[PDB]
């Protein structure tokens, strides 16, 4: 099938750190990419769609970029409430494949 791969798969950073997560699609998906945040024990939550559009209510320290095959989610200043697993997902067409997820922790 198709591959959505994220890098890194997990990381530990400090409060206030800039954090960058990438997503690669094996095929071009233009900008049909969404980013989700799943806090421990919570349901996933939409952070970004159309690759770079913030869902309403999401803090401005989250940003997305990219088009085609290479995408980036940035957290400009890592906050304690940001500990979570972050997933990308394509929706150019079915299947609506999720990346494997990137676990973000704080030392």
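Numbering follows the first chain given and starts at 1.
K.L.:
Regarding 23-31 and 36-44, which shows the higher C-alpha temperature factor on average in the entry?
P.N.:
It is 23-31.
K.L.:
Quick check for you: using the entry's CA B-factors within this chain, is residue 12 in the lowest, middle or highest third?
P.N.:
Answer is middle: the recorded C-alpha B-factor places it there.
K.L.:
What third of its chain's C-alpha B-factors does residue 60 belong to: lowest, middle or highest?
P.N.:
Within its chain, residue 60 is a highest-third residue by C-alpha B-factor, going by the deposited values.
K.L.:
Taking the chain's C-alpha temperature factors as the reference, tell me which third residue 74 falls into: lowest, middle or highest.
P.N.:
Ranked within chain, residue 74 CA B lands in the lowest tercile.
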